[PDB]
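Below: the structure, in structure tokens.
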2 protein chains.
Amino acid sequence: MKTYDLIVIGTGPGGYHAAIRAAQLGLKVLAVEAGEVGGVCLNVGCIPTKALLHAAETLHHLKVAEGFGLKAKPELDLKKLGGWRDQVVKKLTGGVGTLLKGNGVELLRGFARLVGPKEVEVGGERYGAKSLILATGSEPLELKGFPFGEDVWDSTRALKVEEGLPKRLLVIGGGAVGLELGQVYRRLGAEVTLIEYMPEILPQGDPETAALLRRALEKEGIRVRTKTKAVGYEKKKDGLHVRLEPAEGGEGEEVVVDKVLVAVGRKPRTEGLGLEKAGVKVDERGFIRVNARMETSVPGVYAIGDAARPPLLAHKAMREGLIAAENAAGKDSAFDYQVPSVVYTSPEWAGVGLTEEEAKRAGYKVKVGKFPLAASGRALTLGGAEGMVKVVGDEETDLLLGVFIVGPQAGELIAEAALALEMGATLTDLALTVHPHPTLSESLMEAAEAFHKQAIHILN
Amino acid sequence: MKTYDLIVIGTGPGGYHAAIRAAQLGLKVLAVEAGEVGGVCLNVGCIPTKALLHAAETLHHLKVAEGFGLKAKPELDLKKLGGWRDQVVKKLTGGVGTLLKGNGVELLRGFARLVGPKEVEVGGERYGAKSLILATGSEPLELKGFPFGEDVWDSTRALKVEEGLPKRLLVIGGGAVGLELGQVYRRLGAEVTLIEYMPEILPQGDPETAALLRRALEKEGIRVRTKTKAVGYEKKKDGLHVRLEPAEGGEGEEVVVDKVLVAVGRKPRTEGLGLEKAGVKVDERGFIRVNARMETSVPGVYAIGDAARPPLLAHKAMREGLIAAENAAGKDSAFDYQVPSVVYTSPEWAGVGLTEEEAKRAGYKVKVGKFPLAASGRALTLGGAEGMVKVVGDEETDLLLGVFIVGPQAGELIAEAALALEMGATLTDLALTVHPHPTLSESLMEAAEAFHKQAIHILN
Ligand SMILES: Cc1cc2nc3c(=O)[nH]c(=O)nc-3n(C[C@H](O)[C@H](O)[C@H](O)COP(=O)(O)OP(=O)(O)OC[C@H]3O[C@@H](n4cnc5c(N)ncnc54)[C@H](O)[C@@H]3O)c2cc1C
Ligand SMILES: Cc1cc2nc3c(=O)[nH]c(=O)nc-3n(C[C@H](O)[C@H](O)[C@H](O)COP(=O)(O)OP(=O)(O)OC[C@H]3O[C@@H](n4cnc5c(N)ncnc54)[C@H](O)[C@@H]3O)c2cc1C
């Protein structure tokens, strides 16, 4: 049995961050990976999806561009697009491999399973360490009545646009994955229908900005059906006849499509991992129970990322990996941070902090400030202003509580909001910062001014 | 004589901000404008230039897009482009006019001249007020040997691309104006040579990131010559023969172009304004002398924006207008803010805070963190991925001192840095904020980690 200071199972965002940070702190690390280095985000998630979205937005904007004299007869080669997507993925996963090697981390390819609290079995061989970090991630959640197959795709299959685009696609799930892939397919020419069980898409996010995103997608032809669920389907020669019903059940309604993309969630990869042999507690949902130090019920064993707890986001997994690594190295670290969320559709949607309802539930005297991109000079110079910024704060203390953005570059602008929350910023602090003009970032400053009823570019 | 609580001369960014904020505070305001409402930024500066840059970037990106299957046969109608530029300007200036009216601000069209400390003459009529706010802005600075005319353009003329593109253009000035218009013309097909008197472009900005921008421009075919000046020219049959020399004087070198764009600076519009009749002191350069409250040598008379002092930026003028208005309303406000600066070229350049040299002179123990966009996953998904983020801080206290960025969306990312500085953030604070992945904003977080020698995506 080979021994190390730390064994990390999984090399996705969380796992490779843990391995590298642990190595920087002087630990001898072994990283085990059953598939491609880089995990879901780099191979079949964040990266390939953002790549497709960029190509789709570039194509889409050309229609807007006709407005300023740019006439074009764009021809998109899907095979070439798929090739570029693959190249981007390869460059990034290769880069992580080079990073692991350069940091002295040993990389073992195989499926790891615990056989004890501090012993892992891989390919019949045993490996041990005083610390273990479980970063096994998640997988597409299956939906009753829609088993994955040739006609029912998961997000991974949906990425392969070069394998034939369906004329009609039904997307089940109004979360980031469904919205993003849905828009990609629409912009590539497919008829797209998206259904969401909740009253509004992005159910956990601010309903107002989420609604604006839905409206933008509807304007592009995507049929969005909220408070709706898909019960099952029947395969016929003319396509898949899917039965739709109201959220709480009711009168049936049929929709016929060629393919179905199921994006209703993720399932943590914690079964068949040997956790029951190590004493690691798992909750009813399959998530490994952890505290703020990312430590499990077993001393010296940590869990991070999608396998540990929602939200299922990459930057969160990355930070959790650093925390677990630092603690495995003997430090005293803990996760207590504001986690932003972004949807990379066009316009983008981003949020961080508390929604109006959550702030109210928390006991704050909620007050909001809004700034429409229709009043943004920068948005106009970019060919059109679609979106808004909403700031949530306490009117008594002036404390900033949350920020929600819908529009171009929302994902880049939300970092300013995250920093503001981490610094305990007030709405006055946000308004007092001199944002450059003209920029989309200015909308945050103006939304803060609107909160105080003194915005300049809009009547208060 | 008609009397008001406040008279604002000029309706550019500074002027209309002062007029509106004063109105919000209950003052009876009169705003005087000799030309188009909205000033330089909205009519012949920020807005039209950013619009042209966006069109040029959309066209340019098609080359990179070919890399992912996007085939196109672009055709740019310059007349249509100019028409769009005009539409954007008209919508925004019309918007400011609507805001002034909506706020109860009286708008008088004409050229105002003070005739006394608190009295202004317009069109032969007299107007008075307890407070006066001077926001007359600036105009293109003329260069010895290059009087403006048919062959020597100022930025306003350069905006009119629909009036014929020159085969060869010489741009004098390596500031934001020269760089931006130079890139617009190059992307539109012109041969472009740009010269800068100082050793590096963007002389007051971080030289490291400024040099990367220069190199990016040179890669696009723009010939950039620093430490160089233009002495004069002679109009011949084959074009304009311009004599160049080392900035400090020396052997001459001739360059032949069809048109020259002079972008060497601005001159404050303070002559013929009646300041000598009111007792308002002006410095050697023509700027109205003001303190942090934006107060001039005459109680009750304030000056803001380009007419008051450099840097000559829109967001600065806007904030100064708010300060002046608030003080005119009886409050106690003062300008003590970090002012970011942005160049909207591709890649963009942005900076805020202290450069390494300025921090060193300030007495800080300078330490820096750098992160290359070549290591950014998001940058790769957007195609080209060139640029870098540099953070400047104090080693002993960990205090963030300055941030400089060169790359896509640099101007949108700098607001986070500005907020950080206003909040007294340390490099640790910046690194601890969980930035969304994958985003370009992550580069700031990673540059902070690099400062501490523990960045994950690059070897330290
Ligand atoms: C289509 C799509 C788009 C997304 N877009 C975004 C986005 O834009 N932004 C964002 O923040 N998040 C996004 N996500 C979610 C993001 O991908 C995840 O939050 C992130 O990958 C979680 O990292 P992780 O390290 O926990 O796990 P994972 O990346 O899943 O990696 C776990 C790794 O462990 C390996 N592994 C598992 N079990 C074993 C075992 N027993 N032995 C050895 N190796 C094992 C796996 O093969 C894998 O490589 C997206 C997800 C999808 C599906
Ligand atoms: C090509 C170009 C691009 C630029 N790009 C940017 C950029 O991207 N970002 C940025 O921050 N800055 C940019 N600037 C600079 C920015 O435009 C100025 O900083 C800003 O306009 C200054 O605002 P202001 O209110 O002080 O003055 P101005 O906007 O100049 O407005 C002054 C107003 O006063 C009027 N006026 C003057 N004298 C009188 C009088 N006696 N009576 C009545 N009315 C009078 C003028 O007609 C005018 O409308 C750019 C400038 C140029 C030339």
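Note on naming: chains are A, B, ... as they come in the structure tokens, residues start from 1 per chain, ligands start from 1 in the order shown.
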Report task. Would you give me, as a ChimeraX atom specification, the residues of chain B that come within 7 Å of chain A, using only C-alpha atoms? Result -> /B:17,20,47,50-51,54,68-78,80-81,84,88,92,314-315,337-341,377,380-382,411-413,415-416,418-419,422,433-437,439-441,456
Atoms to include: C-alpha atoms. Write the selected residues as a compact mmCIF listing (two decimals), in the first residue's frame.
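The result, written out as part_8.txt:
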# COMPACT_ATOMS: atom_id res chain seq x y z
CA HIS B 17 -25.79 66.10 -13.34
CA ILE B 20 -30.71 67.53 -11.99
CA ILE B 47 -20.94 57.74 -27.18
CA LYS B 50 -17.90 53.64 -28.41
CA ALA B 51 -20.57 53.02 -31.05
CA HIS B 54 -18.51 48.28 -31.23
CA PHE B 68 -15.40 27.96 -34.86
CA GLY B 69 -17.36 27.41 -38.05
CA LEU B 70 -18.76 30.90 -38.55
CA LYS B 71 -18.23 31.65 -42.23
CA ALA B 72 -19.18 35.09 -43.48
CA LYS B 73 -18.75 37.50 -46.38
CA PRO B 74 -19.03 40.82 -44.47
CA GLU B 75 -20.08 44.00 -46.25
CA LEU B 76 -19.98 47.23 -44.24
CA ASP B 77 -22.18 50.12 -45.34
CA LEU B 78 -20.39 53.14 -43.86
CA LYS B 80 -25.62 53.08 -42.59
CA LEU B 81 -23.01 52.92 -39.82
CA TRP B 84 -26.78 54.39 -36.63
CA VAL B 88 -27.67 56.61 -30.85
CA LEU B 92 -29.39 59.89 -25.71
CA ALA B 314 -16.98 61.84 -18.02
CA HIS B 315 -17.65 59.93 -14.80
CA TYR B 337 -12.71 59.48 -4.72
CA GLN B 338 -10.62 57.04 -6.72
CA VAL B 339 -11.15 57.75 -10.41
CA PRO B 340 -10.80 54.82 -12.80
CA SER B 341 -9.87 55.30 -16.46
CA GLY B 377 -10.87 29.50 -19.10
CA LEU B 380 -10.63 30.87 -24.17
CA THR B 381 -14.39 30.30 -24.52
CA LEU B 382 -14.63 33.83 -25.94
CA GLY B 411 -13.63 48.62 -18.36
CA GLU B 412 -16.42 46.59 -16.77
CA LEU B 413 -14.07 44.83 -14.35
CA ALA B 415 -15.40 49.04 -11.00
CA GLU B 416 -14.79 46.09 -8.67
CA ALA B 418 -12.59 50.96 -7.54
CA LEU B 419 -15.03 49.67 -4.93
CA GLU B 422 -12.99 52.87 -1.59
CA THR B 433 -14.44 37.14 -2.57
CA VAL B 434 -15.85 34.16 -4.48
CA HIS B 435 -15.92 35.32 -8.09
CA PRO B 436 -18.18 33.34 -10.46
CA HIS B 437 -16.51 30.67 -12.61
CA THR B 439 -15.71 34.73 -15.80
CA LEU B 440 -13.07 37.25 -16.76
CA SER B 441 -13.58 38.82 -13.31
CA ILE B 456 -3.99 27.91 -8.54
Query - DSSP-assigned strand (DSSP E or B) among segment 238-380 of chain A, expressed as a PyMOL selection string - result: chain A and resi 239-246+253-257+259-262+266-268+282+288+295+301-303+341-343+348-353+366-372
Query raised in the report: In Å to one decimal, how far is atom CA of residue 279 of chain A from atom 25 (O, counted along the ligand's line) of ligand 1?
Result: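 Calculated distance between atom 25 (O, counted along the ligand's line) of ligand 1 and atom CA of residue 279 of chain A is 21.9 Å.
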Non-local contacts of residue 282 of chain A (9 Å; only C-alpha atoms; under 5 positions in same chain excluded) as a CSV table (one decimal) with N, CA, C and O atoms, in the first residue's frame:
chain,number,residue,atom,x,y,z
A,270,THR,N,-22.2,9.6,-4.9
A,270,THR,CA,-21.8,9.1,-3.6
A,270,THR,C,-22.1,7.7,-3.3
A,270,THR,O,-21.8,7.1,-2.3
A,275,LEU,N,-18.4,4.7,1.1
A,275,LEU,CA,-18.6,5.5,2.2
A,275,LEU,C,-19.2,4.7,3.4
A,275,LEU,O,-18.9,5.0,4.6
A,287,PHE,N,-26.1,13.6,-0.4
A,287,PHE,CA,-25.0,14.5,-0.2
A,287,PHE,C,-24.2,14.1,1.0
A,287,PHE,O,-24.8,13.8,2.0
A,288,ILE,N,-22.9,14.2,0.9
A,288,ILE,CA,-22.0,13.9,2.1
A,288,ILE,C,-22.2,15.0,3.1
A,288,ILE,O,-21.9,16.2,2.8
A,289,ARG,N,-22.6,14.7,4.3
A,289,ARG,CA,-22.7,15.7,5.4
A,289,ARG,C,-21.4,16.3,5.8
A,289,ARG,O,-20.5,15.6,6.1
A,308,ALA,N,-20.8,17.3,-1.9
A,308,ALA,CA,-21.0,17.7,-0.5
A,308,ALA,C,-22.3,18.4,-0.2
A,308,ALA,O,-23.0,18.2,0.8
Query raised in the report: What's the 7 Å shell around segment 186-195 of chain B, counting only C-alpha atoms, without same-chain residues fewer than 6 positions away, as a PyMOL selection string?
Result: chain B and resi 56+60+165-174+222-226+228-229
Requested in this report: From segment 17-224 of chain B, collect each residue whose DSSP state is alpha helix (DSSP H) and return the set as a count of residues only.
Outcome: 87
Query raised in the report: In terms of the shortest atom-to-atom distance over only C-alpha atoms, which of A:307, A:176, A:64, A:359 is closest to residue 283 of chain A?
Result: A:307
Requested in this report: Using only C-alpha atoms and all ligand atoms, find each residue with an atom at most 6 Å away from ligand 2 and format the answer as a ChimeraX atom specification.
Outcome: /A:437 /B:9-15,32-41,45-46,49,110-113,135-138,155,177,273,305-307,312-315,317
Print the selection's residues with N, CA and C atoms to a file, as a short mmCIF file (atom, residue, chain, number, x, y, z; two decimals), in the first residue's frame.
data_model
loop_
_atom_site.label_atom_id
_atom_site.label_comp_id
_atom_site.auth_asym_id
_atom_site.auth_seq_id
_atom_site.Cartn_x
_atom_site.Cartn_y
_atom_site.Cartn_z
N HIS A 437 -17.65 55.83 -16.99
CA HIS A 437 -18.73 56.12 -17.92
C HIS A 437 -18.14 56.21 -19.33
N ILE B 9 -24.01 76.56 -16.33
CA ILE B 9 -23.60 76.86 -17.69
C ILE B 9 -22.98 75.61 -18.28
N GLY B 10 -23.69 75.01 -19.23
CA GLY B 10 -23.24 73.79 -19.88
C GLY B 10 -24.10 72.61 -19.47
N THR B 11 -24.49 71.78 -20.44
CA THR B 11 -25.31 70.60 -20.14
C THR B 11 -24.62 69.30 -20.53
N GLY B 12 -23.31 69.27 -20.37
CA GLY B 12 -22.57 68.05 -20.65
C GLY B 12 -22.73 67.18 -19.41
N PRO B 13 -22.05 66.03 -19.33
CA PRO B 13 -22.14 65.13 -18.18
C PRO B 13 -22.14 65.87 -16.84
N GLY B 14 -21.18 66.77 -16.66
CA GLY B 14 -21.11 67.51 -15.41
C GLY B 14 -22.28 68.44 -15.22
N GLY B 15 -22.54 69.26 -16.23
CA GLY B 15 -23.63 70.22 -16.17
C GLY B 15 -25.01 69.65 -15.92
N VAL B 32 -27.98 76.60 -19.08
CA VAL B 32 -27.73 77.26 -20.35
C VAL B 32 -26.83 76.39 -21.21
N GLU B 33 -27.19 76.24 -22.48
CA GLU B 33 -26.42 75.41 -23.41
C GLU B 33 -26.28 76.11 -24.76
N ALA B 34 -25.03 76.31 -25.19
CA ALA B 34 -24.75 76.99 -26.45
C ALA B 34 -24.82 76.09 -27.68
N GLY B 35 -24.67 74.79 -27.46
CA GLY B 35 -24.72 73.85 -28.57
C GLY B 35 -25.75 72.77 -28.36
N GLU B 36 -25.33 71.52 -28.51
CA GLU B 36 -26.24 70.39 -28.32
C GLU B 36 -26.27 69.95 -26.86
N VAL B 37 -27.47 69.66 -26.37
CA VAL B 37 -27.63 69.19 -25.01
C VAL B 37 -26.87 67.87 -24.88
N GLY B 38 -26.23 67.65 -23.74
CA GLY B 38 -25.49 66.42 -23.55
C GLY B 38 -23.98 66.57 -23.60
N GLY B 39 -23.52 67.71 -24.11
CA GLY B 39 -22.09 67.97 -24.17
C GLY B 39 -21.27 67.10 -25.11
N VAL B 40 -19.96 67.11 -24.91
CA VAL B 40 -19.04 66.34 -25.74
C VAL B 40 -19.23 64.83 -25.66
N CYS B 41 -19.28 64.30 -24.45
CA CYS B 41 -19.42 62.86 -24.26
C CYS B 41 -20.57 62.24 -25.06
N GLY B 45 -18.09 62.62 -28.39
CA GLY B 45 -17.05 61.96 -27.63
C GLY B 45 -17.32 60.50 -27.32
N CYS B 46 -17.49 60.23 -26.03
CA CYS B 46 -17.74 58.88 -25.54
C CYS B 46 -18.67 58.02 -26.38
N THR B 49 -17.94 57.44 -30.29
CA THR B 49 -16.71 56.66 -30.41
C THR B 49 -16.95 55.21 -29.99
N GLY B 110 -28.16 79.25 -25.76
CA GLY B 110 -27.38 80.43 -26.07
C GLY B 110 -26.02 80.35 -25.40
N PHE B 111 -25.13 81.29 -25.72
CA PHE B 111 -23.79 81.30 -25.13
C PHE B 111 -23.78 82.25 -23.94
N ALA B 112 -23.54 81.69 -22.76
CA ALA B 112 -23.51 82.48 -21.54
C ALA B 112 -22.14 83.07 -21.21
N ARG B 113 -22.15 84.29 -20.68
CA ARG B 113 -20.93 84.97 -20.27
C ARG B 113 -21.24 85.68 -18.97
N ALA B 135 -19.71 74.63 -16.01
CA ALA B 135 -19.43 73.31 -16.56
C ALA B 135 -19.31 73.42 -18.08
N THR B 136 -18.42 74.29 -18.51
CA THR B 136 -18.23 74.57 -19.93
C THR B 136 -17.38 73.58 -20.73
N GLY B 137 -16.81 72.60 -20.05
CA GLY B 137 -16.04 71.58 -20.75
C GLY B 137 -14.74 71.99 -21.43
N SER B 138 -14.40 71.27 -22.49
CA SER B 138 -13.16 71.53 -23.22
C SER B 138 -13.36 71.37 -24.72
N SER B 155 -10.96 65.08 -33.31
CA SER B 155 -11.75 63.88 -33.09
C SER B 155 -13.16 63.93 -33.65
N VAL B 177 -8.16 58.77 -26.78
CA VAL B 177 -8.77 59.23 -28.03
C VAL B 177 -8.02 58.75 -29.26
N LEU B 273 -15.53 83.77 -21.30
CA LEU B 273 -16.63 83.32 -20.45
C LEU B 273 -17.00 84.38 -19.41
N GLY B 305 -15.96 69.37 -13.96
CA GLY B 305 -15.59 68.73 -15.21
C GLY B 305 -14.29 69.15 -15.85
N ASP B 306 -14.25 69.04 -17.18
CA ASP B 306 -13.08 69.38 -17.97
C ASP B 306 -12.63 70.83 -17.79
N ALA B 307 -13.58 71.72 -17.50
CA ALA B 307 -13.24 73.12 -17.32
C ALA B 307 -12.56 73.39 -15.99
N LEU B 312 -9.52 64.48 -17.74
CA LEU B 312 -10.68 64.88 -18.51
C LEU B 312 -11.55 63.65 -18.82
N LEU B 313 -12.32 63.23 -17.82
CA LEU B 313 -13.17 62.06 -17.92
C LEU B 313 -14.63 62.36 -17.58
N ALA B 314 -15.54 61.64 -18.22
CA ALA B 314 -16.98 61.84 -18.02
C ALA B 314 -17.50 61.50 -16.64
N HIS B 315 -17.16 60.32 -16.12
CA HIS B 315 -17.65 59.93 -14.80
C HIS B 315 -17.16 60.89 -13.71
N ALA B 317 -16.55 64.16 -14.24
CA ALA B 317 -17.37 65.36 -14.40
C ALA B 317 -18.75 65.17 -13.79
#
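For the atom pair formed by atom CA of residue 147 of chain A and atom CA of residue 231 of chain A, the distance is 12.0 Å, given to one decimal.
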Query - Distance query residue 355 of chain A at most 7 Å, only C-alpha atoms, self and fewer than 4 positions along chain excluded, as a count of residues only - result: 4
Query raised in the report: Quick one: of A:207, A:149, A:274, A:232, who's nearest to ligand 1, counting only C-alpha atoms and all ligand atoms?
Result: A:274
